[PDB]
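Encoded as structure tokens, the structure appears first; notes follow it.
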Amino acid sequence: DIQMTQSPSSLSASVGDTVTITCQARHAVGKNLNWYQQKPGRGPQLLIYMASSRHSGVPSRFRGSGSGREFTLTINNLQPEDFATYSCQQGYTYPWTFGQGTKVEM
Amino acid sequence: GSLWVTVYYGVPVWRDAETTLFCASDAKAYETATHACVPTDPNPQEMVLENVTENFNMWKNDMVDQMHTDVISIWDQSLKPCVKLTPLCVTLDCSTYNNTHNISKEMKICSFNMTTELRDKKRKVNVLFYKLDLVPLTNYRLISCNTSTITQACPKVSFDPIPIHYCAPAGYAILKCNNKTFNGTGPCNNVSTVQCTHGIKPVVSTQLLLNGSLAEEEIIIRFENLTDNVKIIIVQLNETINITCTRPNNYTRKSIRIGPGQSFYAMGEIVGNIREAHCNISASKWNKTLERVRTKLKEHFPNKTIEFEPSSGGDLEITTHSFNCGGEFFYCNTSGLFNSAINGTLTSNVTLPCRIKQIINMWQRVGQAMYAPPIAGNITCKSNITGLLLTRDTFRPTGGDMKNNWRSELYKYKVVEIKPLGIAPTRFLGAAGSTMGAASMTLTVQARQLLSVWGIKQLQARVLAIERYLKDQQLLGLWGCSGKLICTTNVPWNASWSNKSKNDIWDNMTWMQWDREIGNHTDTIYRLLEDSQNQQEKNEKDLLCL
Amino acid sequence: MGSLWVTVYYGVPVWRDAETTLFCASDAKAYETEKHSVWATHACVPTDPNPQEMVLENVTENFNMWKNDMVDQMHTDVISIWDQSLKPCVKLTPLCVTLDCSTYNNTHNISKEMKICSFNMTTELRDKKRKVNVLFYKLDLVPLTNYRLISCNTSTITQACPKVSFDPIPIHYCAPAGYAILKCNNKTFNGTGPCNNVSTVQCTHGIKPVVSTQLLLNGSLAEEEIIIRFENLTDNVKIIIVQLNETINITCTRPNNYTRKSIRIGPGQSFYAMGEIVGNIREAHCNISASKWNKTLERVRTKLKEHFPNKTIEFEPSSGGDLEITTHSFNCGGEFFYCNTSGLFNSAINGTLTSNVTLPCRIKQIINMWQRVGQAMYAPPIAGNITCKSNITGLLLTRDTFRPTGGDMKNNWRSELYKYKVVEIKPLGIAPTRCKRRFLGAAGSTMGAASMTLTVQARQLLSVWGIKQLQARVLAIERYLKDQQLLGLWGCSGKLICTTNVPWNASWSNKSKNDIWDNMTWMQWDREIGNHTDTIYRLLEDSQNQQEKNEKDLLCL
Amino acid sequence: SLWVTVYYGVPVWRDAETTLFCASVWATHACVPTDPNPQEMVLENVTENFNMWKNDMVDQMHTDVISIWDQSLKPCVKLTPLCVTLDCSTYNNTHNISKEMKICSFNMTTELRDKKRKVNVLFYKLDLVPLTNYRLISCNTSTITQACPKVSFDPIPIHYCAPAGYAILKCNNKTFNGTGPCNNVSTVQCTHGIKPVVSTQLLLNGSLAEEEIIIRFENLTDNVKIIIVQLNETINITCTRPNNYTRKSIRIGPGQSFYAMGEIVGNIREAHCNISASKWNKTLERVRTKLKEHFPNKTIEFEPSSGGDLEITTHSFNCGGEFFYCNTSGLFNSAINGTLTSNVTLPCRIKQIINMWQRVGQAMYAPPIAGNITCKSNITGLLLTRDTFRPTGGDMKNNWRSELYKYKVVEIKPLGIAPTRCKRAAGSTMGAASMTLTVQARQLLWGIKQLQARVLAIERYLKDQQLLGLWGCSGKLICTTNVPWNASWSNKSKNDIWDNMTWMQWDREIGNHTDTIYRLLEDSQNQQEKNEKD
Amino acid sequence: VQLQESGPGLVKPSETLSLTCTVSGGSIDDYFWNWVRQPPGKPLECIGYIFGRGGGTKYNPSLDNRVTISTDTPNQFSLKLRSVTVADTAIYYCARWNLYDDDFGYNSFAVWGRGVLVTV
Ligand SMILES: *[C@@H]1O[C@H](CO)[C@@H](O[C@@H]2O[C@H](CO)[C@@H](O[C@@H]3O[C@H](CO[C@H]4O[C@H](CO)[C@@H](O)[C@H](O)[C@@H]4O)[C@@H](O)[C@H](O[C@H]4O[C@H](CO)[C@@H](O)[C@H](O)[C@@H]4O)[C@@H]3O)[C@H](O)[C@H]2NC(C)=O)[C@H](O)[C@H]1NC(C)=O
Ligand SMILES: *[C@@H]1O[C@H](CO)[C@@H](O[C@@H]2O[C@H](CO)[C@@H](O[C@@H]3O[C@H](CO)[C@@H](O)[C@H](O)[C@@H]3O)[C@H](O)[C@H]2NC(C)=O)[C@H](O)[C@H]1NC(C)=O
Ligand SMILES: *[C@@H]1O[C@H](CO)[C@@H](O[C@@H]2O[C@H](CO)[C@@H](O)[C@H](O)[C@H]2NC(C)=O)[C@H](O)[C@H]1NC(C)=O
Ligand SMILES: *[C@@H]1O[C@H](CO)[C@@H](O)[C@H](O)[C@H]1NC(C)=O
Ligand SMILES: *[C@@H]1O[C@H](CO)[C@@H](O)[C@H](O)[C@H]1NC(C)=O
Ligand SMILES: *[C@@H]1O[C@H](CO)[C@@H](O)[C@H](O)[C@H]1NC(C)=O
Ligand SMILES: *[C@@H]1O[C@H](CO)[C@@H](O)[C@H](O)[C@H]1NC(C)=O
């Protein structure tokens, strides 16, 4: 099964963060990544569906980008609802593993 | 007086830029990288620059991304006219394969029913598939019919590579670097402008580069990141190793019709006794080369005991060596080569068994795939091992990333956008490192290059070059220096922009050095020259009618 | 004082009422790029940082908004983008099958607009065929108890991609270089005939491509008075367009909430239908303020008395026709509403109104756009309740008592673009000059003034959708180099005022200097000299090569 | 000392390889509407060698016509579902039984997919290939496509318009080898409208050498190639579809219709395409005399059709919306021998399914028109081959060549070097052509074909302007240069170089030195510009 | 569409586990139905995924020979796990992979349920 990593493991700032991620295993999975946001003690929901562009409902602040192993998600002009976890995901094989969970606070 | 403003059209200047790029296949019609690619020019011209140093990032190259997109475009244009085997998706009863000469573990005959070209009745069709592609449900189904659909390759066209010579559009140049010892990243000491890259074979391989470029002096290894395990490591070997692969048996070919005008190729019964498909390498050469590789890893990555272990695990395309031999894809388990302590006698060739796969899901995309046709009769291949791909963990082989395959050959080249518009104070690309006073001799040679669906792509690039020339001419007309290299007098140079003395500017620096020195302020002087040309034009209008 | 000698002028304000290709300029911001739109590409260039307009003086041009070029170009472009947006989406090939339908019975009550239909259908696995039950509107379903889809006669159905949206995105129709759009500042102008003062724009305000029948939605507002636009007062077949003085807030809704059910047809392909409806069924209401509507309709009556005098006038509901024509058909919030507009124009009302006028509406999955056969879309059911607040800003009427009229999607584009006209700057002019060799600011102004302001025109002249932008670009390049090389063959390339070594001719004209340079305009001047341009061009380049060869021979000792 | 000068706008021309944009099924409206009247000038003291059998225009025209054919057939209905088993039996009209067609019942889907129903259609026996079960010929290899009704099979005159900087030269001369030098040649920007007609063995509406029968020869040593005979006078060929058909429209599927041939009405005969007998006699005497003169002491005698595949053995042509194939054996037969007093007819047969350009699978199903149609045309040509001369055809490239042999392309290198002592019109002389440069220069100044022509002309113009400005002559038509002339290049006389020499030969003499002089011009102005800077 | 989990608040070690997820908004679509367990401060992990109503199921060899996905009623789809271990204690969730290209959200857990914590 694929192993997964994220960096920084737990960030802390308000506005302008950038969640780079290295997902190892077989690199350049393609555009087959999915980000998520999990509110504290709540169900996660989609943010980006192909590391390409925003999902319906989630604003233009949240975006995903990058091909190769260097997939990334950028959040700009964060509001108080933005602070939560975000994880890497694959799309190639049935067990889709997640990142450890990059946390943003303050 | 003091040094005052002067334009210089066509002097050697480059910014690290990204632009569009087009193929140019070989001129000979023997291969006639499809045929719509333009034939290459007879002479790929190369000119070495003196005193010029450029920082090549092997991993932040734009042309690898453009190469990936363009070769995806080639592949999809090839596949689109071909047949789509959507009706092939049926429930499939299957049974093992027992040839009249021996039995096969790798195979199974499966019997299934479809519709004829006549739209009512068909008959039982018994055709042969590997265990790797079919998936049980003892009834089986193809690997990815639900999530995706399978597009048959056109039987005429072959998947073998043809050398593609990417060429810079007009106003843009490709910069190879001629330092022999080089690791891809960082400065390279002396460079060469090249009209087109050397013919790159669109070769598909994993853990062992095939038919690639040779290290000229010694085995050289490149790093994407020393301190992190994710980033990949390239090995480019000096000399070579013959890899010799075979298809031992004779597989029949059976053309089965799907509907009116559509037919797909299956195998049918094998002839001859089944033998395991395999590929071997000379043992002594492999041992020598791998010892050199381990020694090099010790040299650069210091103090650590470095060991080679087989690939960990995954789908069969991940752990093994994928390659297109004779128009058919196999996957060769590399448990022999990279595993140490097997204690080879070194007289026999080291042998790797291989599994041949029918359905190829490559390019790291879901939703689209191929049913590779079964080639008839034996196939033999004899190719090079010109590079390896590993990672830090021990050092272990990896694969699956074609971007790295394209990285390996294009590690030398970088695109540069020539901006002719050089603004300086004042009282082909070979003279870049030379002085400005000397480099102004050769500005005409760089000026010459500014002029000299893929048809639509190269037309768009040509139009980009045309409107670039007309942007230069438009700006010089808005400045009134149009049609000439050097203008008149009386426009002052503000001191705040730069502080160098009159004499040392020309001899000391390069045009690129002056560009970096003058880079930020350029818009301000473009305004001041613009308005200057306007107010002078008003005065000249007062002169026009007397 | 001497004999008149020729002079060429590059950049004098001149035009011909021409035809040309116009290229889109989609809205710049990124959320609308994310909200993928059928009408607007992302490849469409961003709008200008400053949508610019300049106003001319002492110029009067004839505008025929019925026979204008924006209308044809927008109709073709919008059909092209429609087909492009529908092309990747699945073609619902195994839909056109027999269906067993019965009226839908919700757990609360029965619905008039709905029937549950069960039918057999072949999926991505061709062997597997099984019953599939889905809801269907009565209007879209044509009988043979067995029903089928209405458009199985016309074409195989194509699903709208839920990714792409039908929402109108403002399109800044913008013209290539060498062409300028001419607006009319006169608010009261009927759109046909001369306009007394006009404006030149590099491009137009953002026009919303909005499909609407019998009424105009989100349209432009007459700033001074309610206005009537008429192709022919005498002929009844023509169409009457009311541009409304003030908006009339229309509030539309579908009260129920809809559940989307997906059925697989292909690998990665499904057909979206509505499931059971949640909540008690209630009709779709599109209600409008009644005092406002009455006051406005009566203002229409008062303004309309002038253009057809001394006759009693009564607005009457449309007699009959296809549902797109008789009923107000429009899309808001991603669903198609068809609203019986009878009550708005009904003569039953005697001028007494106190509360909102209500109009029932019906919604259709299957729509044929632009009245073409060969095309038919499947609208996926939007989930939840939609409540769209729109402005009624214009009416479509026709004389036999004036009835509402619909179905002419061309007229919706006419109604917004009544003021804009394409004009092709032909910058070349010829005239005698005092100094004699051996945007659009100065159109109506004096000739010498234009001679001074030539520089602005020159500066502006200097500078299939991807193919359309490329076509615009290369047209600009070809026109620019055409003019420049003609000037080179005339002897003054790069010079705007090309004094010439050629005498004028009495045959071309006998006008005095003061006449041409004080009173005659560049358009009048082109009318005078427009019959002799070719000959002067050829003999001027002849004169240049003669002079140059004479100078070369004299140079040779 | 002689110094370097460059004249811009000079007439010179190598055998160029450009692309010519179409002009207006055959004349698509996307192709630009042709300018109604092509113009034509005349030259003095010019001869141009045209290889009729290697010219690029035959392949360009072939590619254009196939592309237009596929463009027309693509939006129209794809007859994919038609390939089904068909039960068939002979067609018995009230008049008589016809061998040409027969009735075929087959099941077909209603527009709703659930149910199928039986449909009866009359198919030509020629198109119906056996498997009473039969199938369609071109359903074997790929899918057939039905043409649209609105599009017209009539050959709309296509005029080959050249791109800017390129002009077409037409060998106007009456008599000609079909190859080699031509006496006086017209110059056109666009050609006369070539009607694209599917021709085999004979021609319809072709161009006419009104003065004399002419012979064109791919090889005068090898037999396998084909010999063209351009006939003299117009031979009227007149044809009628013998009987009246009925159009039965069947809805094969949702939104797709299928026009089928129903029953027949009227007198059932074969299509009878006969000509004037006296014209045939006189023309045959003339060609026999001419080919006897061309082949001295070797006898000439024609032969009936050789036989083989139905496309090559027969005269073939489109008229009235139908495609005809007529056995030309009896017309060329020496055994008939009987009479030449009245119009004799060779019977023709119609195929609904056409594998055109000899591609397997890519085929067109004829719209079956309901009712008789007359079609009258002129014959002005003939296809034979050296071997008792058996005719041959099927080479549509050769059909294009027959009308396309007259024309040739020429580019203009406007810049041209000729030394001159002074310091810093094709038949006429270089000094005489200085005045005529401007008219040249102005001429220098499917949709994507128009785009290609536009951009290629634009690039060539900016290369001329570029190189001129690299020689200090941008925007100027005649340029003196400060650089001297290296005497080693050429050894011509001072008075002969602007009076005597023909321009073509001069270009041939200086071509080997052109690149060197250009490279030495650029450094000349570069050094002069730095000299002026100081 | 709204998605919700249902299960026991506490499980004992070495005892069978079951869970049930409810799609309240509509009937069970043809989309991919998924369970995505979140261990305490560790990456989330797939269990068994089913392509709709009574479709084929892909389970995980990482949790080998214990998983099973089956459906009972058009609004319920359930997970069953046998031979649980102490390491399995976590917050479970149910979610939905959008197999199809044109829907907003593709090959992605679009709508997840709120989730349920199991102690084991
Ligand atoms: C004439 O002009 C009026 C006024 O503009 C139009 O009415 C407006 O229509 C727009 C477009 O519908 C409304 O704007 C947006 O609608 C979204 C509807 O939700 C989603 O619906 C489906 C559900 O699956 C999705 O597929 C689809 O993508 C839609 O997004 C709202 O979601 C938007 O608001 C939400 O997002 C933004 C993002 O930042 C937030 O700021 C909001 O608070 C909210 O969360 C948005 O509302 C618009 O609201 C309508 N009214 C008004 C007053 O502006 C008419 O349709 C138009 N044309 C005609 C013919 O009348
Ligand atoms: C791709 O999709 C097909 C259907 O489109 C899947 O086949 C289906 O597999 C399920 C297994 O969950 C079958 O359901 C059950 O299995 C057996 C065999 O029928 C039986 O015990 C039950 O009656 C029940 O049906 C389902 O019938 C079967 N459908 C068909 C038409 O064969 C297939 O598994 C999917 N492929 C994957 C996930 O790789
Ligand atoms: C060949 O010239 C003829 C001259 O008539 C052209 O038109 C024909 O006209 C008749 C009516 O008298 C049409 O119905 C025929 O179909 C036309 N064809 C022929 C061969 O006579 C015609 O455009 C020209 N060529 C062809 C191939 O039709
Ligand atoms: C690897 O990248 C990291 C940051 O991701 C950096 O700190 C480190 O220096 C890099 N090491 C290399 C390129 O050897
Ligand atoms: C604008 O249009 C109005 C129409 O009433 C007119 O009075 C005015 O002159 C026009 N121009 C400007 C600059 O306002
Ligand atoms: C009706 O659907 C809408 C759409 O969001 C929603 O507000 C409402 O909760 C749904 N149903 C009920 C029963 O409230
Ligand atoms: C035309 O040219 C041919 C050779 O091409 C020559 O034999 C013949 O005399 C010329 N005919 C006329 C009428 O000038």
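Residue numbers (the entry's author numbering), protein chains in the order written: chain L, 1 to 106; chain C, 32 to 63, 70 to 138, 149 to 184, 189 to 309, 312 to 323, 323A, 324 to 359, 361 to 398, 410 to 457, 467 to 500, 522 to 546, 570 to 663; chain B, 31 to 138, 149 to 184, 189 to 309, 312 to 323, 323A, 324 to 359, 361 to 398, 410 to 457, 467 to 504, 522 to 546, 570 to 663; chain D, 33 to 56, 68 to 138, 149 to 184, 189 to 309, 312 to 323, 323A, 324 to 359, 361 to 398, 410 to 457, 467 to 503, 525 to 545, 571 to 659; chain H, 2 to 52, 52A, 53 to 73, 75 to 82, 82A to 82C, 83 to 100, 100A to 100G, 101 to 111. Positions of the beta carbon are idealized from the N, C-alpha and C atoms, including for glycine.
Item, Value
"Here's the rule: buried if 16 or more other CB atoms are within 10 angstroms of the residue's CB, otherwise exposed. What is residue 662 of chain C?", "exposed"
"Let me know if residue 227 of chain B comes out buried or exposed under the rule of 16 or more other beta-carbons within 10 Å of its beta-carbon.", "buried"
"So with CB distances below 8 Å, who are the chain H contacts of residue 56 of chain L?", "100B, 100C"
"What does DSSP give as the partner residue(s) for residue 174 of chain B in the beta ladder?", "B:157"
"With distance defined between alpha-carbon atoms, name the residue in L:32, L:28, L:53, L:102 nearest to residue 82 of chain L.", "L:102"
"Return yes when the Cβ of residue 418 of chain D is within less than 9 Å of the Cβ of residue 541 of chain D, no when it is not.", "no"
"So, at 6 Å on beta carbons, what are the nonlocal neighbours of residue 151 of chain D in its own chain, with the 5 sequence-adjacent residues on each side left out?", "134, 326"
"Anything with a beta carbon under 5 Å from a heavy atom of ligand 4 counts; list them all in chain order.", "C:276, C:277, C:278"
"To which residues does DSSP link residue 69 of chain B through a beta bridge?", "In DSSP, residue 69 of chain B forms no bridge with anything."
"Considering only their Cβ atoms, is the gap separating residue 32 of chain L from residue 428 of chain C smaller than 9 Å?", "yes"
"Look at the alpha carbon of residue 78 of chain B and the alpha carbon of residue 219 of chain B, and state the distance between them as a whole number of angstroms.", "13 Å"
"If I measure Cβ to Cβ from residue 273 of chain C and keep anything under 6 Å in the same chain, skipping five residues before and after, which residues do I get?", "234, 235, 285"
"First and last residue of the alpha helix (DSSP H) that includes residue 113 of chain B?", "99-116"
"Along the beta strand (DSSP E) that carries residue 432 of chain C, what are the first and last residues, could you check?", "432-435"
"Give me the Cα-Cα distance between residue 193 of chain C and residue 113 of chain C, rounded to the nearest whole angstrom.", "22 Å"
"Apart from the five residues on each side of it in sequence, which residues of its chain come closer than 8 Å, Cβ to Cβ, to residue 393 of chain B?", "359, 361, 362"
"Which same chain residues end up closer than 6 Å to residue 370 of chain D when comparing Cβ atoms and leaving out the 5 residues on each side of it in sequence?", "473"
"Thinking just about the alpha-carbon of each residue, which of B:350, B:278, B:389 is nearest to the one in residue 331 of chain B?", "B:389"
"Just curious, the alpha helix (DSSP H) that residue 6 of chain H is in, first and last residue?", "Per DSSP, residue 6 of chain H belongs to no alpha helix (DSSP H); it is in the beta strand (DSSP E), 4-7."
"For residue 385 of chain B versus residue 398 of chain B, is the C-beta spacing smaller than 9 Å?", "no"
"Check whether the Cβ of residue 379 of chain B lies closer than 8 Å to any heavy atom of ligand 1, and answer yes or no.", "yes"
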